[PDB]
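This report concerns only the one structure given below.
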Amino acid sequence: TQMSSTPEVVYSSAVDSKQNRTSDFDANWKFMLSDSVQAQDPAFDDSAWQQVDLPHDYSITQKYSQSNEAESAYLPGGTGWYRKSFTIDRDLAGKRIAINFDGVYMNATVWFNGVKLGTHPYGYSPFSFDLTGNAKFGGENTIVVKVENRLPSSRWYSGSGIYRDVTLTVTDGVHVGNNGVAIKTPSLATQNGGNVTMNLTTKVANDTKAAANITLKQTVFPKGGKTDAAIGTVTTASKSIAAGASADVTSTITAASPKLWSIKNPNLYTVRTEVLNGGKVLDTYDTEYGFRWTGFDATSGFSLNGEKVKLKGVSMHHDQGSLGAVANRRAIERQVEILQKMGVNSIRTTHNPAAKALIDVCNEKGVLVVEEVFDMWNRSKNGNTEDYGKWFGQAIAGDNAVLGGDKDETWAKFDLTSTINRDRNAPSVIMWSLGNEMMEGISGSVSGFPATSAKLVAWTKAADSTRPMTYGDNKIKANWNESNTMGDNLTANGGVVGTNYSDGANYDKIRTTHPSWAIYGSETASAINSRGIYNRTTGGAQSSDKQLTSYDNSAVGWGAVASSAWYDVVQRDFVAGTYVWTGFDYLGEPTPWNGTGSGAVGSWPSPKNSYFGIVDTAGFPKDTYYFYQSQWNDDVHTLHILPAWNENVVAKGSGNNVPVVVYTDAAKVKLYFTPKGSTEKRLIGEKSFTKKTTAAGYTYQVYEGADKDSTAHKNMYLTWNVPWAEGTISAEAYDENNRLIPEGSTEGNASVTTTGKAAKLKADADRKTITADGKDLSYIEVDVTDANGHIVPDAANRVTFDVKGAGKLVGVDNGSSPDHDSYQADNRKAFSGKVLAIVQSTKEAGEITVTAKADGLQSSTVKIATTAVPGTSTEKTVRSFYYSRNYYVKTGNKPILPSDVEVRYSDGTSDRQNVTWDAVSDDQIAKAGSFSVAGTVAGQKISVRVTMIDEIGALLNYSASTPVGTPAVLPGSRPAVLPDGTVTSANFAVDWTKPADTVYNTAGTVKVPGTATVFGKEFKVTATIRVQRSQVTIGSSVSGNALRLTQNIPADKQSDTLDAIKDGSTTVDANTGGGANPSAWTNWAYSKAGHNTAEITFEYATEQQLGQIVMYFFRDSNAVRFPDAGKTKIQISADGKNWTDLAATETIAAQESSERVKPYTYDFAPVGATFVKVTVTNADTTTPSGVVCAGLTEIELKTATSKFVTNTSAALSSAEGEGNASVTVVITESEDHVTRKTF
Ligand SMILES: [Ca+2]
């Protein structure tokens, strides 16, 4: 008979010349998550695929799983397929067409109309493909992107897919190049106020079969204004450009007193370049520009446009919380807004190129961007074997037609040059950061690094002379040689040197040791706090309740608290600024509950997001935020109190005394307390700041009274000890002249109060009007208050959102790290009294009513209006058609097409109307191949794909591999094989008789039967899946990379040199004639004092994935003796506090490795350790000296990596497939469904 695909919503997508040069291409893509499918061919039946609008993250929608890794948010990646079908109007004949991706994470492969264009590994750099050569003009075309985010690939939540805008560029054959215009104003600093010299260079490509005679007409005018407001023009002399050649065309414009781009006044200009042949304009290319200049002085730091500025910076990862990696413009904009309110003036794009959207935002909003291109270089971090390290140094394939950067060297060059090409004209970008902690979390020699650095520096210099390059190095603090060489070379090429995690003392060491260097804190603080937690005042370690104090006393081992990292910076004019880790919490890296390896950390649900943020994933500030504001925002006055004032949440100690903290930019603060129901405020105390100002003119405040904190940095804020009592702690603020600061004008909580029980929801939306573009967002904060409207400190009431109208709920969040509730749910628990709902617009104007509801609490309701995009027609238009477009008919039978199809309109109305289908050739009916059929409805042309089948021999069998503990995902469908060799692109839905999930919890092969009914005839298919364990490979020692190596033994009773045990040598110096041994460590001293044991502890700044430990114990004649078997013990932790015994096997080697050195090898399954404490117990023997001792020359802590290997072969053995390949009866398919070899 015939079978038909189920009815899908068909959107008609069209590319004509009526469209703008570059057009949004985000809409109407089909997506499918599938490790197995092959969807490259335009014929493929994508009817059953999910329709999505880009940008889109396909990781964020999958479910959390302990088999994944903490760093990457316990969320999976895998293989995603995007397909989009569209007509190219025949008016585009002659024109050139290109597709542009701003980001695709990661390992993208692109086909156009079945032709494979190429690949792009890196997940954050932008890239392009030409479609011209392969386009079918006046016809149906199909672009296909295959995204393979094979984990592990990130130390943070990557997300997966096309997470950033796609566009189409249509141009004449003679056109300005990709990112073709480069603007320089070499003298602006000098010319400022007068006429400014602009030097343009423009790549003009002649992609025609004829030499071309071209002139450029360039015009600089204010962005958003008309050309007649230009402040400069030029028209070039004729340049002849040969056929299929291109040329760089230099021009100069004189700008009539351009308005400077500044932080306060981010004035932008447009620079339009027209390509002229004869009279006619062939191409017109705009680029956004700002007039601005920077300077770096090694003593007085940074300056913008002549004024001295302090870089008050945050590091920001790319994800947008509950929305995942999706680079939604408004999401991104909102982040910047919140940061600006904090007093931020700079963002470091840690550790990868930003979305253009961010750059765009920063350009208009006036924020300095340090755009970082890379994290790791040629060596991967944290055993993320699939991270860009894999690709950094690889050459580009000859057949790879990817575009955007230089293809003549490595991916590194391409990705770097591509990013610079995109952003070269952006006023906001002040520096190119070329790497981050390049030598952290890696293995093997680093001697190559300084050379790799220079290579990158050179490339950058050549790519963009106009901005200093930089990096963020965390071994400057360790005085590594490599780190020093690299900074000289930075300095030598006009770079600024970023030190990560330096204390004040170290900042000073650098200046003295490196006077040439201009330095900043490239990454600072890394303080770890949750929002609204007050019941303790300590942290920096794994808590029982999976949260951390909001007081600024909690930080990682390598970092420091906010007070500290700012204090160390503000005081030193020569430390140009700070880039705090981080501005906003990000998904992944849940330090102190971090995991570089597979498995849950603590009890599940484990924390899945960060604690570093000043602001949580939802955009709710933590308390520390108001500290930063107090220190950074000179356009507001901060006066903020913590903690919240309820019995159950405060931290009582020293007789009911609770540390009350105040953050403020005021000169004097009087703190009052009012007992409940009373109306009389009792003054608890009064404190005055000291307003110091540095030589360069940066002015800060410290408290220097008698009750000042002993540790200096804590005096950047005020702390009182109030006794706990129901009531209201308020504070009033006075300026330098002792004039009171008005009660209204303060920012932050001017008073905390004891609250009632949870009573009402108050819900407010950030914007009451948004654009009806399917893009814009409204952010709805919901607080849980008592009867009087006081936010309830510990409220965790599950709130349910009812979204009705011209919108839809796209996310819900609370910024709670261990909450695993779906982001894409209609409900979520409040956390510390707050919950967020994100609502997105539709493409039709209307109203959105959103209702926050919770059990036993007064509902709240907000109204949001969506306004239509200017120029959308009020008269109703055709939207889409609902019908089945795929028909498989038996040969000799006429195709039975439907008489009618459901039509949708802009109104959302649905009318079923009739279709007049084209005639089907008699030849075609018995032809036994595929063809398309046109019809017409409501003026528009619909199409249907028909494939004719004579007979089907069988359906191809399937084979895969799965990790033990993870059930195999079986294919939705299987392809058809003719009695003829030929394998069809026609797939038929299979129903599997699935075994229990438990079957996959042991190693072995597993057969699963499944059957599909094809033209009434049921066919029998076997899926033979192989369940496998990880393949673990042990690496080299990382003892060298230790952040710290301490000793149990007190200072006075230590003997020999400890640091010797990570020096990479195993032998003992015989050290005859006394003195401390430089080659080895011992406990001789402590032993003599009668101490039986000793504890050596390695600390790391990143969790190490250990796979083996080898201890090189030694012996002498007098005292030191090899320890007894099984007595030496190892332990591991994530914080330095909570320990765990390493389950290991000891092997004492047969022979000594070197005279009087024997290696004890400890074996164990891979485990993550940020700390490793070896407890050495002396032998139970007697010695000539009568003192028994233990001694070590080296402790090698070897790392390990795990892969899940899936085989590649189509060959046969015993029939059976060699690499568990699918046997079909013999055509075969490898375990990786890539190579099918028929024999
Ligand atoms: Ca050694």
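Each chain in the structure tokens gets a letter, A, B, ..., in the order shown, and its residues are numbered from 1; ligands are numbered from 1 in order too.
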Could you pull out the residues sitting within 7 Å of ligand 1, using only C-alpha atoms and all ligand atoms, and write them as a PDB file with N, CA and C atoms, in the first residue's frame?
ATOM      1  N   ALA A1060      62.014  18.406  48.957  1.00  0.00           N
ATOM      2  CA  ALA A1060      62.838  17.498  48.173  1.00  0.00           C
ATOM      3  C   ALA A1060      61.987  16.385  47.579  1.00  0.00           C
ATOM      4  N   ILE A1061      60.785  16.158  48.140  1.00  0.00           N
ATOM      5  CA  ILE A1061      60.002  14.972  47.812  1.00  0.00           C
ATOM      6  C   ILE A1061      59.159  15.194  46.556  1.00  0.00           C
ATOM      7  N   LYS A1062      59.165  16.425  46.023  1.00  0.00           N
ATOM      8  CA  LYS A1062      58.486  16.779  44.778  1.00  0.00           C
ATOM      9  C   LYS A1062      59.473  17.289  43.715  1.00  0.00           C
ATOM     10  N   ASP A1063      60.771  17.131  43.955  1.00  0.00           N
ATOM     11  CA  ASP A1063      61.804  17.663  43.079  1.00  0.00           C
ATOM     12  C   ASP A1063      62.029  16.786  41.846  1.00  0.00           C
ATOM     13  N   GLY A1064      61.321  15.668  41.750  1.00  0.00           N
ATOM     14  CA  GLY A1064      61.384  14.821  40.565  1.00  0.00           C
ATOM     15  C   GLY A1064      62.574  13.854  40.531  1.00  0.00           C
ATOM     16  N   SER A1065      63.434  13.845  41.563  1.00  0.00           N
ATOM     17  CA  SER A1065      64.543  12.903  41.677  1.00  0.00           C
ATOM     18  C   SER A1065      64.319  11.919  42.834  1.00  0.00           C
ATOM     19  N   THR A1066      64.798  10.667  42.676  1.00  0.00           N
ATOM     20  CA  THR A1066      64.468   9.600  43.613  1.00  0.00           C
ATOM     21  C   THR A1066      65.651   9.180  44.496  1.00  0.00           C
ATOM     22  N   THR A1067      66.872   9.603  44.156  1.00  0.00           N
ATOM     23  CA  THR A1067      68.095   9.095  44.766  1.00  0.00           C
ATOM     24  C   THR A1067      68.393   9.845  46.064  1.00  0.00           C
ATOM     25  N   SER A1079      68.491  16.233  49.623  1.00  0.00           N
ATOM     26  CA  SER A1079      67.941  15.314  48.635  1.00  0.00           C
ATOM     27  C   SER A1079      66.654  14.669  49.127  1.00  0.00           C
ATOM     28  N   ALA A1080      66.439  14.672  50.450  1.00  0.00           N
ATOM     29  CA  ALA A1080      65.408  13.831  51.044  1.00  0.00           C
ATOM     30  C   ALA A1080      64.822  14.488  52.294  1.00  0.00           C
ATOM     31  N   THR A1193      62.793  10.233  49.608  1.00  0.00           N
ATOM     32  CA  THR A1193      63.383  11.099  48.594  1.00  0.00           C
ATOM     33  C   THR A1193      62.296  11.712  47.699  1.00  0.00           C
ATOM     34  N   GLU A1194      61.221  10.957  47.452  1.00  0.00           N
ATOM     35  CA  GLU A1194      60.162  11.364  46.543  1.00  0.00           C
ATOM     36  C   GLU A1194      58.843  10.676  46.899  1.00  0.00           C
TER      37      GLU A1194
END
Could you name the residues that touch residue A:883 at 10 Å or less, counting only C-alpha atoms, but leaving out those on the same chain fewer than 5 positions away, as a PDB file with C-alpha atoms, in the first residue's frame?
ATOM      1  CA  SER A   5       5.032  10.232   8.370  1.00  0.00           C
ATOM      2  CA  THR A   6       2.977  11.730  11.205  1.00  0.00           C
ATOM      3  CA  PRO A   7       1.779  15.345  10.665  1.00  0.00           C
ATOM      4  CA  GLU A   8       4.464  17.901  11.604  1.00  0.00           C
ATOM      5  CA  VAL A   9       4.290  21.716  11.718  1.00  0.00           C
ATOM      6  CA  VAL A  10       5.907  22.860   8.446  1.00  0.00           C
ATOM      7  CA  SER A  47       9.189  14.903  10.591  1.00  0.00           C
ATOM      8  CA  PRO A 898      -4.215  14.593   1.371  1.00  0.00           C
ATOM      9  CA  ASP A 900      -6.671  19.438   2.626  1.00  0.00           C
ATOM     10  CA  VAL A 901      -4.016  20.850   4.985  1.00  0.00           C
ATOM     11  CA  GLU A 902      -4.446  22.844   8.220  1.00  0.00           C
ATOM     12  CA  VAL A 903      -3.199  26.444   7.823  1.00  0.00           C
ATOM     13  CA  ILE A 942       3.811  23.495  -0.245  1.00  0.00           C
ATOM     14  CA  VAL A 944       5.872  16.652  -0.232  1.00  0.00           C
TER      15      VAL A 944
END
Tell me, which residues of stretch 384-460 of chain A carry DSSP helix (DSSP H, G or I), written as a list in words? residues 389, 390, 391, 392, 411, 412, 413, 414, 415, 416, 417, 418, 419, 420, 421, 422, 423, 449, 450, 451, 452, 453, 454, 455, 456, 457, 458, 459 and 460 of chain A
Non-local contacts of residue A:90 (10 Å; only C-alpha atoms; under 5 positions in same chain excluded) as a list in words: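 The residues that qualify are residues 15, 16, 17, 95, 136, 137, 138 and 139 of chain A.
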Pull the closest atom pair for each residue of stretch 415-451 of chain A that gets at most 10 Å from stretch 355-359 of chain A, along with the distance in Å to one decimal, counting only C-alpha atoms, ordering rows by chain and then ascending residue number, as a Markdown table.
| residue | atom | partner | partner_atom | distance |
| --- | --- | --- | --- | --- |
| A:419 | CA | A:356 | CA | 9.7 |
| A:422 | CA | A:356 | CA | 8.1 |
| A:423 | CA | A:359 | CA | 7.6 |
| A:426 | CA | A:359 | CA | 7.1 |
| A:427 | CA | A:359 | CA | 9.1 |
| A:428 | CA | A:359 | CA | 7.0 |
| A:429 | CA | A:359 | CA | 7.7 |
Could you write out, as a ChimeraX atom specification, all the residues of stretch 954-1014 of chain A that DSSP marks as strand (DSSP E)? /A:954-955,958-963,973-977,983-989,991-992,1004-1014
So which residues touch residue A:402 within 8 Å, counting only C-alpha atoms, skipping near sequence neighbours fewer than 3 positions away, as a PDB file with N, CA, C and O atoms, in the first residue's frame?
ATOM      1  N   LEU A 117      30.784  20.285   4.265  1.00  0.00           N
ATOM      2  CA  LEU A 117      31.542  21.519   4.094  1.00  0.00           C
ATOM      3  C   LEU A 117      32.825  21.478   4.912  1.00  0.00           C
ATOM      4  O   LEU A 117      33.904  21.771   4.397  1.00  0.00           O
ATOM      5  N   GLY A 118      32.697  21.086   6.187  1.00  0.00           N
ATOM      6  CA  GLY A 118      33.857  20.905   7.051  1.00  0.00           C
ATOM      7  C   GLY A 118      33.458  20.792   8.515  1.00  0.00           C
ATOM      8  O   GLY A 118      32.299  20.506   8.825  1.00  0.00           O
ATOM      9  N   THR A 119      34.431  21.062   9.396  1.00  0.00           N
ATOM     10  CA  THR A 119      34.263  20.899  10.831  1.00  0.00           C
ATOM     11  C   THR A 119      34.864  22.094  11.561  1.00  0.00           C
ATOM     12  O   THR A 119      35.714  22.800  11.023  1.00  0.00           O
ATOM     13  N   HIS A 120      34.423  22.281  12.810  1.00  0.00           N
ATOM     14  CA  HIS A 120      34.964  23.286  13.707  1.00  0.00           C
ATOM     15  C   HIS A 120      34.960  22.790  15.154  1.00  0.00           C
ATOM     16  O   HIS A 120      33.910  22.817  15.815  1.00  0.00           O
ATOM     17  N   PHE A 127      32.598  31.178  13.589  1.00  0.00           N
ATOM     18  CA  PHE A 127      33.045  30.648  12.297  1.00  0.00           C
ATOM     19  C   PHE A 127      31.923  30.667  11.254  1.00  0.00           C
ATOM     20  O   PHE A 127      30.746  30.813  11.608  1.00  0.00           O
ATOM     21  N   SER A 128      32.312  30.471   9.976  1.00  0.00           N
ATOM     22  CA  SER A 128      31.440  30.621   8.815  1.00  0.00           C
ATOM     23  C   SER A 128      31.677  29.499   7.811  1.00  0.00           C
ATOM     24  O   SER A 128      32.774  28.934   7.780  1.00  0.00           O
ATOM     25  N   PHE A 129      30.655  29.221   6.978  1.00  0.00           N
ATOM     26  CA  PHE A 129      30.822  28.406   5.783  1.00  0.00           C
ATOM     27  C   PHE A 129      30.165  29.059   4.574  1.00  0.00           C
ATOM     28  O   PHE A 129      29.072  29.616   4.694  1.00  0.00           O
TER      29      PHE A 129
END
Within 8 Å of residue A:807, counting only C-alpha atoms, which residues show up once you throw out same-chain ones fewer than 4 positions away? Write them as a PDB file with N, CA, C and O atoms, in the first residue's frame, please.
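Here's the written file selection-v7.pdb:
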ATOM      1  N   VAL A 803       1.580  30.655  33.754  1.00  0.00           N
ATOM      2  CA  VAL A 803       1.801  31.615  32.678  1.00  0.00           C
ATOM      3  C   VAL A 803       0.706  31.447  31.628  1.00  0.00           C
ATOM      4  O   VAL A 803       0.646  30.424  30.951  1.00  0.00           O
ATOM      5  N   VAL A 839      10.189  34.415  31.878  1.00  0.00           N
ATOM      6  CA  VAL A 839       9.134  34.316  30.887  1.00  0.00           C
ATOM      7  C   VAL A 839       9.625  34.950  29.589  1.00  0.00           C
ATOM      8  O   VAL A 839      10.167  36.047  29.603  1.00  0.00           O
ATOM      9  N   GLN A 840       9.407  34.256  28.466  1.00  0.00           N
ATOM     10  CA  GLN A 840       9.803  34.714  27.141  1.00  0.00           C
ATOM     11  C   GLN A 840       8.574  35.113  26.324  1.00  0.00           C
ATOM     12  O   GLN A 840       7.500  34.557  26.518  1.00  0.00           O
ATOM     13  N   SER A 841       8.760  36.047  25.381  1.00  0.00           N
ATOM     14  CA  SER A 841       7.689  36.511  24.515  1.00  0.00           C
ATOM     15  C   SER A 841       7.411  35.489  23.417  1.00  0.00           C
ATOM     16  O   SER A 841       8.168  34.538  23.248  1.00  0.00           O
ATOM     17  N   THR A 842       6.294  35.691  22.701  1.00  0.00           N
ATOM     18  CA  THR A 842       6.010  35.012  21.450  1.00  0.00           C
ATOM     19  C   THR A 842       6.276  36.001  20.322  1.00  0.00           C
ATOM     20  O   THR A 842       6.751  37.111  20.587  1.00  0.00           O
ATOM     21  N   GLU A 847      -0.611  40.034  25.710  1.00  0.00           N
ATOM     22  CA  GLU A 847      -0.447  40.255  27.139  1.00  0.00           C
ATOM     23  C   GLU A 847      -0.069  38.924  27.785  1.00  0.00           C
ATOM     24  O   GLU A 847      -0.505  37.874  27.320  1.00  0.00           O
ATOM     25  N   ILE A 848       0.786  38.990  28.814  1.00  0.00           N
ATOM     26  CA  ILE A 848       1.169  37.839  29.614  1.00  0.00           C
ATOM     27  C   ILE A 848       0.698  38.099  31.038  1.00  0.00           C
ATOM     28  O   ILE A 848       1.002  39.148  31.608  1.00  0.00           O
TER      29      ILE A 848
END
Pick out the residues sitting within 8 Å of residue A:1195, and hand them over as a list in words; count only C-alpha atoms, and ignore anything fewer than 2 positions along from it in its own chain.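 Surrounding residues, per the criterion: residues 1039, 1061, 1062, 1109, 1110, 1111, 1112, 1192, 1193 and 1197 of chain A.
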Using N, CA and C atoms, can you write the selected residues to a file as a CSV table (one decimal), in the first residue's frame?
chain,number,residue,atom,x,y,z
A,1039,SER,N,53.4,15.9,41.5
A,1039,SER,CA,53.8,16.3,42.8
A,1039,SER,C,54.4,17.7,42.7
A,1061,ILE,N,60.8,16.2,48.1
A,1061,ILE,CA,60.0,15.0,47.8
A,1061,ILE,C,59.2,15.2,46.6
A,1062,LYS,N,59.2,16.4,46.0
A,1062,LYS,CA,58.5,16.8,44.8
A,1062,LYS,C,59.5,17.3,43.7
A,1109,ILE,N,50.2,6.0,43.4
A,1109,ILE,CA,51.2,6.8,44.2
A,1109,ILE,C,52.4,5.9,44.4
A,1110,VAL,N,53.6,6.4,44.1
A,1110,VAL,CA,54.8,5.7,44.4
A,1110,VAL,C,55.6,6.5,45.4
A,1111,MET,N,56.0,5.8,46.5
A,1111,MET,CA,56.8,6.4,47.6
A,1111,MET,C,58.2,5.8,47.5
A,1112,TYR,N,59.2,6.7,47.4
A,1112,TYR,CA,60.6,6.3,47.4
A,1112,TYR,C,61.2,6.5,48.8
A,1192,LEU,N,62.1,9.7,53.0
A,1192,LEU,CA,61.6,9.7,51.7
A,1192,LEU,C,62.5,10.7,50.8
A,1193,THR,N,62.8,10.2,49.6
A,1193,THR,CA,63.4,11.1,48.6
A,1193,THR,C,62.3,11.7,47.7
A,1197,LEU,N,52.8,11.5,43.0
A,1197,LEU,CA,51.3,11.4,42.9
A,1197,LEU,C,50.9,11.4,41.4
Report as a PyMOL selection string all protein, DNA and RNA residues lying within 10 Å of stretch 1015-1019 of chain A, evaluated on only C-alpha atoms, omitting residues in the same chain fewer than 5 positions from it. chain A and resi 1-3+888-890+949+951-955+988+990+1010
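Between residue A:13 and the candidates A:420, A:532, A:524, A:880, the tightest atom-to-atom separation, counting only C-alpha atoms, involves A:880.
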Go through A:503, A:1095, A:69, A:523 and flag the residue nearest residue A:567, using only C-alpha atoms for the distances. A:503
Of the candidates A:347, A:360, A:770, A:970, which shows the shortest atom-to-atom distance to residue A:333, using only C-alpha atoms? A:360
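With only C-alpha atoms as the atoms that count, the residue of A:994, A:863, A:318, A:804 with the shortest distance to residue A:780 is A:863.
Distance annotation: of A:735, A:598, A:75, A:541, the residue with the minimal separation from residue A:1138 is A:541; atom set is only C-alpha atoms.
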Pick out the closest residue to residue A:983 from this set: A:580, A:289, A:1161, A:1224. Count only C-alpha atoms.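 Checking each candidate against residue A:983, we get A:1224 as the closest.
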